[PDB]
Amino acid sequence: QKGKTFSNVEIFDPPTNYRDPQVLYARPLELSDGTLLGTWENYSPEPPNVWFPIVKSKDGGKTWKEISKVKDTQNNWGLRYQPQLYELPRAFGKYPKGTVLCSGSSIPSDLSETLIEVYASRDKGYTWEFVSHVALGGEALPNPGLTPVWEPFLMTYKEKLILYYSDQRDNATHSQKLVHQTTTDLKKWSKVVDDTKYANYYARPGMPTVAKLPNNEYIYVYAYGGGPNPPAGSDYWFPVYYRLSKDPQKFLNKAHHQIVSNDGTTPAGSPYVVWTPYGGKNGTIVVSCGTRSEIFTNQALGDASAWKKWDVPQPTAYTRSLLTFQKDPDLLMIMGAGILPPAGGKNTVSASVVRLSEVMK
């Protein structure tokens, strides 16, 4: 149990010539053999077309090396935004258990279109193959009236793989809404199913992440753009809300809850949720958001009155992400790739591993 924590390891410091914000949107993955993989949006000068770098750690995140790049082999655009890594926990069609997936959005350098893709690695991240196209959208700017798709998140439920994402395609009715599609083979995707939408046109629920709880329930966490009560001097904000459901295909008609910590802190922006068995029968739900450095925890299965907040040494970052370690539930990785543009040339990809038993004190 000794020597497993470490603070602010620098995974990747981009060159001066990368385009603002240079890097962003870090995502980690623990494989069944204990190795870690990571990726981020890599804003290299183009051409050549942008790619998702894949880094590997064998020592629990202390040291890293690049072992491959996921490249767009289909569109001659690049893999540009919102990567997401995922290890299959069971076979889906011809992809066995242990296959690594990388989802993300392929987008031309002019940002005229958006395309959520799935790539797969059969060798724990050394090589990649295109698998399928998921969702095509329009222009890659987060403005009302445009029709892009964004921000894929993968999770298995029973025999289905669910891919949740953000959707502006219903542009006459919702500025953006949250949706999913499912697959049983990674080839054929189900029709679009709504997960969260709001009647007010200018509402923009976005950036969905999901975690399984030990009471047969799932928690769906998102940033509710256009949510009520923007703070003084703000006409529009992105408070973190969530929903609870037994069936993670049916969040749509579940009551929303805002996350507010015991002291009144209101996380906002680009959230990320995990659950670990640490801390009791209920374990611990841990959420990060994009505007605070603290983590927010809940040891009461998502009871709205039970959120707490704790400092960690990893700085605030856009869609700062979290990872739990299968063989040690007390250990939490927090990974970030800096802030939204303008970043001032100072974003780097970094991570910390903390113990909840130390940090929750």
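Residue positions are given as counts along the sequence shown, with the first one as 1.
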On average, are the C-alpha B-factors higher in 184 to 192 or in 255 to 263?
-> 184 to 192
Averaging the C-alpha B factors as listed in the entry, name the stretch that ends up higher: 23 to 31 or 297 to 305.
-> 297 to 305
The largest CA temperature factor among 214, 206, 239, 152 is found at 214
Max C-alpha B-factor within the set 145, 225, 290, 83 falls on 145
According to the PDB entry, is the CA B factor of residue 349 in the bottom, middle or top third of its chain, that is, lowest, middle or highest?
-> lowest
Check where residue 45 lands among this chain's C-alpha B-factors and tell me if it's the lowest, middle or highest third.
-> highest
Would you mind checking where the Cα B-factor of residue 87 ranks among the modelled residues of its chain, as the lowest, middle or highest third?
-> lowest
Residue 324, C-alpha B-factor rank within chain (lowest, middle or highest third) = middle
Entry-reported C-alpha B-factor of residue 201 relative to its chain, by third, is highest
